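Two forms of the same protein chain are encoded below as structure tokens; each is given separately, as structure 1 and structure 2.
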Structure 1
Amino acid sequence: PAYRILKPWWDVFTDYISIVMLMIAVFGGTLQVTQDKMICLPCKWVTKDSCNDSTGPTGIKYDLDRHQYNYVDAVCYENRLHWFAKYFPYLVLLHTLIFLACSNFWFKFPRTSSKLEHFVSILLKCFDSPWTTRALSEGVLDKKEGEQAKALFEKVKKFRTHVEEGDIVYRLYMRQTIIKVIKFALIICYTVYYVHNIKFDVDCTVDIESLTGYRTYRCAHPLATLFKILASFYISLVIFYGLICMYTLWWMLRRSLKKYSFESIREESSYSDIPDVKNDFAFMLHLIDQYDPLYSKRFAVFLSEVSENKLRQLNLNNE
């Protein structure tokens, strides 16, 4: 909704990457429920628990029913197929759900959500307020608009007193970033390590000779190359997500987001009384700067006592 201003380009990038990754997870999952199997053919000659591989050609007669073949397929699919090939889409879905929860935890946690909705509401309604344009242009003002202006000044002052005390939003954003980057590291490590176990040809030895007659079978996993390219695409997407995450971490740690200097806005306008806002307020103002500096520029006019003095004088003239 109105939280788009609080989502910089990295957050939008991770939001879209997570959406595409969830699409990958859904596609792999429905293929795994639908058409995941292992066509297994027994090895007629065996040598030390291994296939021997030793006038027209004629087909090999295995004397197996269709249902014995299905039993062999199910047994070898359960036992000798690697766990990564079986549970890749569900692992991807779990990872993407945790990524989305980490990216949207501060929106749902009440202690940070209250501050965030307050900031978004008063900042947007300050942005569309007319007295902001009136003051930045430097008459007669409507009664309703004057009441809105004085109420917005008082609300901005009370919110500034309410928010600057703590740094809960900054700490939560920080922790979300480290959690996302360490999970990216773990995901890339284990996925790259286990991605080579998705193979087309799987040799299974499941000891079902009492039910079938053969012990070793040579199975073909049809969705092995498709799962391999899906896993490679997932690894590439996680790599992009992680690079964006380390960029966000470097942006957070390079400067001090707990300290805002309004020297750009205050020197540009005649108002040299705008204070250097600190803490959580400075953090979300830095986020808004990552979205658009105009919102911060038009909001800074509500933090100066000169502007409220002029507003009070004009309102006393109107009253």
Structure 2
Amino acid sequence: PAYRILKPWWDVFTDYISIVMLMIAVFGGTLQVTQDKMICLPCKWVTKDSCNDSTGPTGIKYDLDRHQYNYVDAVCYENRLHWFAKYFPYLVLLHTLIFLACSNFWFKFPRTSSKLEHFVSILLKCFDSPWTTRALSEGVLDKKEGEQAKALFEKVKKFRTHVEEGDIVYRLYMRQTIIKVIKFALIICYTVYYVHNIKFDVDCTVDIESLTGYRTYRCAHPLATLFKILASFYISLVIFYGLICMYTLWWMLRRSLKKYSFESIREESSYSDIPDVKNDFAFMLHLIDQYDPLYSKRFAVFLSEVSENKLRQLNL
């Protein structure tokens, strides 16, 4: 849909980070689905609901069947294992889905999507028109090419009139980035202060004494360390994502995006009456600047009435 020119480097980096967070979430989720088991063994010596831990050695017989063990595993995996250690992959699924929705909201919101595709289409049309090249290099003009040149001038004028009035795209991108930064802050706060609860050895005390005979059990969690690693790795990526997001907000407070200055482009060129555009038109011009200012240079000559005068006398 040729929207790639409208997503700057920060948007592409955040989308890649969200894709790899989706990968992390999928891997952690399938591991938690398939092989997230807890191996619980009772402790014989109880010291006030605490485990005492005290020629040829002989194995310790608990007289427990293979289902009694599976029941105590389920009970101490549910009741006593901390909820983050169980539902971290689902948390990162929800968070990366919300991040992707925030990123592509203004792409999929028709009120701003229509304006965006309008702006993209006319930029692409002005990219290939040759009056742009004649004006920037500043004559022969074929009837057809002069016709679409004047038509494109008229679309530029009407579309500047249509877009310059409102600031819905600018305010929506404001809302998008502030929501992303506040949710990144919440994600880091809760994840940082909850991550340490992933532990390989867990001592559960669930009182299934009527069903197994033991009160306190010591359980291994073979997928804890891996989760820990993934958690750490996931946290690191959010750091990267978080940093990138702040850049965008910093950029969006670096200067007022609701106004644009054509001083450099019209100063280096002959056409000195190119007007300084505002609002949504200025904002998507800023994004195209962050992609390539050559697009802004190529488009800037259709905004002047002096170039209209030159085109009229050349066409005459």
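Only residues modelled in both forms are compared. Each form is matched to the other, and the largest set of C-alpha atoms that superpose within 1.5 Å is called the rigid core. All residue numbers here follow the sequence of structure 1, with the first residue given the number 1.
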{"property": "Rigid-core frame, C-alpha of residue 144, shift of 2 angstroms or more between structures 1 and 2", "result": "yes"}
{"property": "CA of residue 311, rigid core aligned, shift of 2 Å or more between structures 1 and 2", "result": "yes"}
{"property": "Core-aligned Cα shift of residue 175 between structures 1 and 2, given in Å", "result": "0.9"}
{"property": "Rigid core superposed, the C-alpha shift at residue 270 between structures 1 and 2 in Å", "result": "1.2"}
{"property": "Backbone CA shift between structures 1 and 2, residue 131, after core fitting (angstrom)", "result": "2.2"}
{"property": "Structural rearrangement between structures 1 and 2, runs of 3 or more with C-alpha shift of 2 angstroms or more, core superposed", "result": "139-147, 306-316"}
